[PDB]
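Throughout, numbering of the chain's residues begins at 1 and tracks the sequence. Computation of the quantities below employed the complete heavy-atom set of this structure, encompassing side-chain atoms and omitting hydrogens, waters and symmetry-equivalent molecules. Both ligands and their constituent atoms are indexed starting at 1 by order of listing.
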Amino acid sequence: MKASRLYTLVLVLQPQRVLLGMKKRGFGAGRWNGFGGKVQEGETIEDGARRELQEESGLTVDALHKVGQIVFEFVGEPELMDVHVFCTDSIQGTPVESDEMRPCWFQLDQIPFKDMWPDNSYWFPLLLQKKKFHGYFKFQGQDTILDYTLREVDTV
Ligand SMILES: Nc1nc2c([nH]c(=O)n2[C@H]2C[C@H](O)[C@@H](COP(=O)(O)OP(=O)(O)OP(=O)(O)O)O2)c(=O)[nH]1
Ligand code: NA
């Protein structure tokens with residue numbers, strides 16, 4: 001089995017809208033996603049999620065709720081991505097656009113699934129229902145899922 005690298009993903013989910021960030025530069029740009037990145041040495045997963053939210057979106061929150069975990073495998077890549085998914089409903093500043101990321105609010109009847117990673121269509125609806133989940137997705141490139149598993153869980 002492949003080794004896996006730890007990542008976080010943060011969704012700011014308010015009662016009527018969700019905050020997403022559009023990748024501005026590099027390869028893979030043009031998709032909306034939660035805020036996140038690699039966990040760094042010595043930090044807890046939750047603290048890495050708070051750090052990435054601040055660095056990417058400019059938002060500082062005191063805490064996050066863990067809602068899921070999703071493992072991504074890419075054909076031709078040696079490591080899995082072990083992505084710990086967090087939520088919060090409570091913010092106290094404004095999102096900030098950078099050269100790398102543009103944050104944007106979407107109403108919850110306008111979730112931009114067509115411009116999100118294909119796996120999001122499967123697990124995002126569970127997140128919206130206050131459910132917790134574990135998932136795994138194998139991708140060929142950016143657009144094609146070859147295999148996936150998804151399960152609702154009581155505890156993550
Ligand atoms: N399938 C899927 N892949 C995702 C999602 N979100 C997400 O970042 N990815 C993948 C695509 C990118 O290749 C990779 C982004 O991680 P990253 O390399 O930007 O993390 P980072 O910011 O710590 O790295 P770096 O820019 O500092 O080098 O993760 C998602 O929601 N679904
Ligand atoms: Na990132």
Side-chain angles (χ1 to χ4, degrees), residues 2-13 17-61 64-88 91 95-106 108 110-129 131-153 156:
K2 291 175 170 174
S4 76
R5 186 167 301 276
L6 278 175
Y7 295 76
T8 60
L9 186 61
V10 182
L11 287 310
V12 178
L13 177 67
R17 62 180 186 171
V18 62
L19 188 70
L20 298 174
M22 200 196 74
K23 285 241 295 281
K24 293 176 68 172
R25 335 205 71 83
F27 174 60
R31 273 174 181 176
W32 295 99
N33 190 221
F35 303 98
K38 288 171 192 174
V39 178
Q40 294 170 9
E41 180 180 20
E43 70 185 356
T44 72
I45 298 177
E46 186 191 336
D47 286 340
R50 290 174 60 238
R51 180 186 45 74
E52 285 291 341
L53 178 66
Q54 193 280 132
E55 292 180 5
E56 291 202 330
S57 77
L59 293 172
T60 62
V61 311
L64 294 169
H65 303 256
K66 184 179 186 182
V67 296
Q69 185 174 346
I70 304 155
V71 175
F72 296 116
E73 182 163 2
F74 284 91
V75 173
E77 305 192 35
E79 291 180 357
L80 306 171
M81 300 177 57
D82 179 25
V83 182
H84 294 247
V85 186
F86 293 81
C87 270
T88 183
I91 62 174
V96 170
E97 180 172 348
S98 70
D99 284 347
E100 209 212 48
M101 192 83 41
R102 178 183 285 101
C104 184
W105 291 107
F106 292 89
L108 293 180
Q110 292 286 271
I111 300 171
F113 286 108
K114 82 174 204 172
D115 290 324
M116 296 161 77
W117 276 85
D119 55 285
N120 288 204
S121 289
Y122 297 93
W123 59 262
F124 224 88
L126 294 176
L127 184 146
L128 296 169
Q129 293 184 308
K131 294 162 174 175
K132 296 178 178 177
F133 53 90
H134 285 178
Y136 161 87
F137 299 83
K138 175 176 281 177
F139 276 87
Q140 175 73 74
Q142 305 237 289
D143 296 331
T144 303
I145 293 163
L146 301 184
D147 185 20
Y148 76 97
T149 300
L150 185 63
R151 55 193 162 95
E152 177 181 352
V153 299
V156 190

- Task: Search all heavy atoms of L64 against all heavy atoms of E46 and return the closest pair with its distance.
- Result: N-OE2, 3.3 Å
- Smallest heavy-atom separation, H134 atom then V156 atom, equals NE2-O, 3.0 Å
- Task: Run the numbers on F86 and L11 for side-chain contact (heavy atoms from CB on, under 4.5 Å), then give the verdict.
- Result: CA-CA 6 Å; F86 293 81; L11 287 310; over 6 Å; no
- Message: Under a 4.0 angstrom heavy-atom cut-off, which atoms of ligand 1 come close to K38?
- Response: 20 (O), 21 (P), 23 (O)
- Task: Can you sort out which atoms of ligand 1 are near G37, meaning under 4.0 Å from one of its heavy atoms?
- Result: 20 (O), 21 (P), 23 (O)
Can you confirm, on distance only, whether ligand 1 has an N/O atom lying under 3.5 Å from any N/O atom belonging to [X]?
{"X": "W123", "result": "no"}
{"X": "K23", "result": "no"}
{"X": "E56", "result": "no"}

To which protein heavy atom is [atom] closest, and what is the distance rounded to 0.1 Å?
{"atom": "atom 11 (C) of ligand 1", "value": "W117 CZ2, 3.6 Å"}
{"atom": "atom 32 (N) of ligand 1", "value": "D119 OD1, 3.0 Å"}
{"atom": "atom 16 (O) of ligand 1", "value": "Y7 CE2, 3.7 Å"}
{"atom": "atom 31 (O) of ligand 1", "value": "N33 ND2, 2.8 Å"}

- If you measure from each non-hydrogen atom of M81 to ligand 1, which part falls under 4.0 Å: side chain, backbone, both or neither? side chain
- Taking non-hydrogen atoms only, is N120 closer than 4.0 angstrom to ligand 1 via side chain, backbone, both or neither? side chain
- Message: Within the structure, is a non-hydrogen atom of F72 found at a distance of less than 4.0 Å from ligand 1?
- Response: yes
- Message: Tell me whether ligand 1 is touched by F139 - counting only heavy atoms on the residue side and a distance under 4.0 Å.
- Response: yes
Criterion side-chain contact (heavy atoms from CB on, under 4.5 Å) against [X], the qualifying member of [options]:
{"X": "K138", "options": "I145, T144, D147, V71", "value": "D147"}
{"X": "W32", "options": "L19, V18, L20, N120", "value": "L20"}
{"X": "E100", "options": "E56, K23, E55, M22", "value": "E56"}
{"X": "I70", "options": "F133, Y136, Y148, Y122", "value": "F133"}

- Message: Taking backbone and side chain together, does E56 place any N/O/S atom at a distance below 3.0 Å from the Na ion (ligand 2)?
- Response: yes
- Does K38 put an N, O or S atom under 3.0 Å from the Na ion (ligand 2)? no
- Message: Nearest 0.5 angstrom please: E52 CD to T8 OG1, how far?
- Response: 5.0 Å
Determine if the distance from [atom] to the closest protein heavy atom is below 4.0 Å.
{"atom": "atom 25 (P) of ligand 1", "value": "no"}
{"atom": "atom 8 (O) of ligand 1", "value": "yes"}
{"atom": "atom 2 (C) of ligand 1", "value": "yes"}
{"atom": "atom 19 (O) of ligand 1", "value": "no"}
{"atom": "atom 13 (O) of ligand 1", "value": "no"}

- Message: For a side-chain contact (heavy atoms from CB on, under 4.5 Å) check, start with the C-alpha distance between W117 and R31, then their side-chain angles and the critical distance, and finish with the verdict.
- Response: CA-CA 7 Å; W117 276 85; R31 273 174 181 176; 3.2 Å; yes
- Message: Run the side-chain contact (heavy atoms from CB on, under 4.5 Å) test on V39 and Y7 for me, step by step, so that the C-alpha distance in whole Å, both residues' side-chain angles and the decisive distance to 0.1 Å come before the verdict.
- Response: CA-CA 5 Å; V39 178; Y7 295 76; 5.9 Å; no
- Could you tell me whether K2 and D82 make a salt bridge, using a distance below 4.0 angstrom between a side-chain N and a carboxylate O? no
- Query: Using 4.0 Å as the upper bound for N to carboxylate O, is an ion pair formed by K24 and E97?
  - Reply: yes
